[PDB]
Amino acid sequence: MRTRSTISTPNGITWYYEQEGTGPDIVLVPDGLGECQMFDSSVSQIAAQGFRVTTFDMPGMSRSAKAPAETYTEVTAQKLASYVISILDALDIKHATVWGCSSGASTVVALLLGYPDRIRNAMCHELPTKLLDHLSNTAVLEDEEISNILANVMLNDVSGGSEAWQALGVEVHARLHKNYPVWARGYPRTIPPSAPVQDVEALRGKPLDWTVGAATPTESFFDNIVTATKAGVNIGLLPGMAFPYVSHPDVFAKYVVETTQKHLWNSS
């Protein structure tokens, strides 16, 4: 029942995408590692509740690696939002609910603010607003050093579930290993300053639902909680840390379904 295919957009990207289901559109934007197999279980669970679910690998990452250098260097939320709109145009997805974590969170907030006619509602998770020198400094290391360091960071610091993270399996981890240097050189120095949360009044009254991982250390996304509360944006928790779609796929799928259903009711 799942489409697994490629589609090229006029900006030069050849995307790998997956799609399952019929009904209102839900789009699952990856985190910075750009790997959509992390959504595999949840895509089926969400689609089974009466939705068309689309996901894709991000430009320069995994099976979307055929893309111009501009799309994976000096990456900002606004650049990513432009690219996501390009694939939604190519797939004739006019109105979408969107999810994203980390750089994907920045992307979906930029999508909602910049393309209000295209986005029904956005779910943002763990939106990075601060530069972290220990991550930025990986960009000048050799590729294999980057991959070794960031594979360890993902498993031990932010996966939210080491067994589930490892159970993604060798094929996924081999694609992540190749993505780490692309992410390191393109994302950590330029994503946080691009965060679309400087203007709290621009967030007020928008169809935005914000989450942070329940187990994430308080210091990581303290600023998200403050910002969301100042803007009156609905803010809450999901189990685990940065990858609830990996660590807790059934809870993640339920959250996406219930939040989409809440906005379909409010839309009427």
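Position 1 is the first residue in the sequence shown; the rest follow in order.
Taking only CA atoms, the mean B-factor in the PDB entry is higher for 86-94 than for the other of 183-191 and 86-94. Of the two segments, 138-146 and 165-173, the one listed with the higher mean B-factor is 138-146 (C-alpha atoms only).
For the set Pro116, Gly100, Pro128, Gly160, the maximum C-alpha B-factor listed in the entry falls on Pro116. The PDB entry assigns the greatest CA B-factor among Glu219, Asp209, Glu35, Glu201 to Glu201. Compared with the other modelled residues of the chain, the Cα B-factor recorded for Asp223 ranks in the middle third.
Per-chain ranking of the deposited C-alpha B factor places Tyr245 in the lowest third. In the PDB entry, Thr229 places in the lowest third of its chain by CA B-factor. The deposited CA B-factor of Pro59 belongs to the middle third of values across its chain. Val108 sits in the lowest third of its chain by CA B factor, as recorded in the PDB entry.
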